[PDB]
Amino acid sequence: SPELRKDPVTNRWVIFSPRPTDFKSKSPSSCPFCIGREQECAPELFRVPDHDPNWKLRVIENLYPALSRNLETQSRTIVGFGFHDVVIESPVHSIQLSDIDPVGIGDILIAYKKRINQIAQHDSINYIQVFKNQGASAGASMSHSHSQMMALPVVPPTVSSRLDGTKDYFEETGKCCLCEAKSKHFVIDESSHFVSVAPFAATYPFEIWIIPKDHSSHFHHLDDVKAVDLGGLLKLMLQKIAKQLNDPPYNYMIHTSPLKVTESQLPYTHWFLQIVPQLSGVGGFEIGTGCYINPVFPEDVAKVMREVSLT
Amino acid sequence: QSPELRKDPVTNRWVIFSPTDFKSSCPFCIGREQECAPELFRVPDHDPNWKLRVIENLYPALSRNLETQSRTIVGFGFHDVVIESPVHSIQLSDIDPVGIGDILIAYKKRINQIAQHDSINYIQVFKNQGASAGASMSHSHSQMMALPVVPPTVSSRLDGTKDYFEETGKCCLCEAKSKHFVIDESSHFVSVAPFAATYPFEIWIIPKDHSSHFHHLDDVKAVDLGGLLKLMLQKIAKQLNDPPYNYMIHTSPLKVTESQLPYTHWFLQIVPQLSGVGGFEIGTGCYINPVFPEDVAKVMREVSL
Ligand SMILES: [Zn+2]
Ligand SMILES: [Zn+2]
Ligand SMILES: [Zn+2]
Ligand SMILES: [Zn+2]
């Protein structure tokens, strides 16, 4: 049954028009990121344990940054200023994040936080995007496990689009769209402080939003318990995806608040984590319209992910 | 070199600039029609010996039956496939400009038919060739998708240009030669590199005059464009080693009110399917471009065919 849907968090029409059971992936031994080879990496910001030779993760600068941290005093057209950094996820070469315990993932998530705060000290930076790219066509240039963060001198579309949307939904309904998640999105799994769902008007097939059950406008408010919990759920979400979809290239994106949000935006600004398994590409309709075509309804995705067995 | 952000009213979004080096029978075969979804018309009109046909898409993304019905809406819309040549062995651009004229004019004929439906908000026409750019069939061809609402790209375009117009009192597209990097122009267009293009080697073909409506396309301009579109697609393949592509005609919704006409202008966007996308762009909606439009224009101004 083809229809069009819209989520006040993404604010753009997606078409739903397809079987959910047949969707599957179709997309060295050492590296400079490996422990004992830090001399081959760009400058470090910090490493957990705090300044320790037997480290768990490190937060280093990107050797080929997309934005220049040396254009700060210099800010139609603006200068390429930013902080494009890399968070090293494991000292080990070949272990994928989803195979990292949930407590270790919690710590990686705690690093993002600490860095965002370190960055939030720069009045120029207005929004950092914490995102992970695992896989060639999902953009993984390194095989070792890592995630990327970039701090921007502007507020992007989806954000002002998400902020422009959840506010319009709040003004009327009185509620923050994500607080209504279990009643407005399809439930997959739930942890102590988070719940996962196939979004009502999902962009991509098999897309996931791990959503804080409590109302929290900014990611950086991650504590140790929540960081370990969410880790377990993120670990659970990445394993059900890998089994059910045959280890597809996938990336994840943390969505949070503009650095200088308003006291008013808080009641409807609610962060979350989006997981997008790569299962297909686009054509001239999408690039041209900004509207996506999703071949699987979240009604089915939610049934599948619930039926996935992990033993 | 030094990265830089840049915006444009047409896109109304900043892109991250971060820097001639780039590069790379069927059912549609004349004699198998009954094997295609229904026909809306062909050209020559009602000619068994056709040069192009506009048919319904066998696997439509939006159902043309759900018309009666209609944060959510029914999947009503039309989806058609323009078959650009009864010869399985031809590149859209290896085609004669006059014949490209035929196809364009056909888009116009199908839009007017569609415009008769009060339920259609926008009418995007696009071209897919090459696997990586999205294509599933090799025979040369393009498509049309008619929608019940105005999509994301048009939304912003209306906002970006409107706001720009409240500024300098000028339609930015009419100012193409003072805002974009000109590579080439014919008696009616200026294919251009856009000041703040989203994709590397992106090319915009811009009607010189202010035609807030693609469907205002006439015969001489129709073939006037064909020659320039052809020239850009051939220069594209030449310098970039024949990369798949998806060009997109940008134009105006069927409910364009009068207050939006001075600043709404239609243009064609060529995207050699190159650059890849990962989490940054997915989470932000802000693309990164490795090559500035100043370098792309010079490179393409020197292409020899
Ligand atoms: Zn390695
Ligand atoms: Zn909330
Ligand atoms: Zn053919
Ligand atoms: Zn104009």
Side-chain angles (χ1 to χ4, degrees), chain A residues 28-41 55 57-58 60 63 86-97 99-100 134-136 140-147, chain B residues 8-10 25-36 50-53 55 58 81-92 94-95 129 135-142 157-158 160-162 164-165 167-180 188-190 192 194 204-214 216 221 250-252 256 260-268:
Chain A
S29 69
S30 189
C31 80
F33 289 173
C34 300
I35 189 161
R37 308 189 45 172
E38 307 70 35
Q39 303 314 79
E40 292 171 73
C41 299
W55 59 264
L57 61 102
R58 305 214 289 143
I60 74 171
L63 180 58
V86 183
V87 187
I88 320 181
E89 302 171 347
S90 172
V92 170
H93 164 75
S94 60
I95 307 181
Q96 50 175 22
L97 168 64
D99 274 326
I100 300 176
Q134 186 189 288
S141 72
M142 331 272 323
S143 61
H144 209 95
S145 194
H146 57 292
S147 66
Chain B
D8 195 272
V10 167
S25 181
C26 80
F28 291 177
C29 287
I30 180 179
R32 319 217 217 164
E33 299 76 15
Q34 187 184 301
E35 172 163 346
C36 294
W50 57 276
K51 294 201 188 80
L52 73 89
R53 296 183 57 232
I55 56 168
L58 183 59
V81 173
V82 182
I83 302 178
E84 301 163 344
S85 163
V87 167
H88 196 88
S89 336
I90 276 299
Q91 277 182 164
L92 182 151
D94 236 311
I95 294 178
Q129 191 186 287
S136 62
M137 296 173 79
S138 50
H139 190 113
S140 187
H141 73 286
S142 40
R157 173 141 54 85
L158 285 169
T161 58
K162 170 181 171 181
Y164 186 86
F165 186 86
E167 282 305 322
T168 88
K170 308 193 62 157
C171 169
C172 62
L173 296 196
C174 274
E175 306 170 319
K177 293 181 161 71
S178 298
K179 296 296 180 279
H180 300 299
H188 308 292
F189 287 104
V190 64
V192 300
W204 291 3
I205 288 168
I206 300 178
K208 291 186 161 174
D209 298 32
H210 185 74
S211 326
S212 293
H213 262 298
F214 167 70
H216 234 197
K221 285 201 189 186
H250 292 274
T251 180
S252 61
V256 52
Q260 306 176 297
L261 304 174
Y263 53 86
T264 296
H265 180 183
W266 83 263
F267 73 105
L268 189 178

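A, B, ... follow the sequence lines: proteins, then strands. Residue 1 opens every chain. As the structure lists them, so they are numbered: ligands from 1, and atoms in each ligand from 1.
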* Asked: SG (A:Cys31) to the Zn ion (ligand 1) to ND1 (A:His93): angle, nearest 10 degrees?
  -> 180°
* Atom name of the N, O or S atom in B:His139 that lies nearest to the Zn ion (ligand 3) -> ND1
* Asked: Does B:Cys174 bring an N, O or S atom to under 2.8 Å of the Zn ion (ligand 4)?
  -> yes
* Can you name the closest pair of heavy atoms from A:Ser143 and A:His93 and give their distance? -> OG-CE1, 3.1 Å
* Report yes or no: does B:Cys171 have an N/O/S atom closer than 2.8 Å to the Zn ion (ligand 4)? => yes
* Trace of the ring pair (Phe, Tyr, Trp, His ring centres under 6.0 Å) decision for A:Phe33 with A:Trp55 -> CA-CA 12 Å; A:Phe33 289 173; A:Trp55 59 264; 9.7 Å; no
* Residue pair B:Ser211 / B:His265: nearest heavy atoms and the distance that separates them -> O-CD2, 3.9 Å
* Structure fact -> min-distance N/O/S atom, B:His210 vs the Zn ion (ligand 4), resolves to ND1
* Opening angle between SG in B:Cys29 and SG in B:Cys26, taken at the Zn ion (ligand 3), to 10 degrees -> 110°
* Heavy-atom neighbours of B:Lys51 NZ exceed 12 at 6.0 Å -> no
* Structure fact -> When every non-hydrogen atom of B:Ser140 is compared with those of B:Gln129, the smallest separation belongs to OG-OE1, 4.4 Å
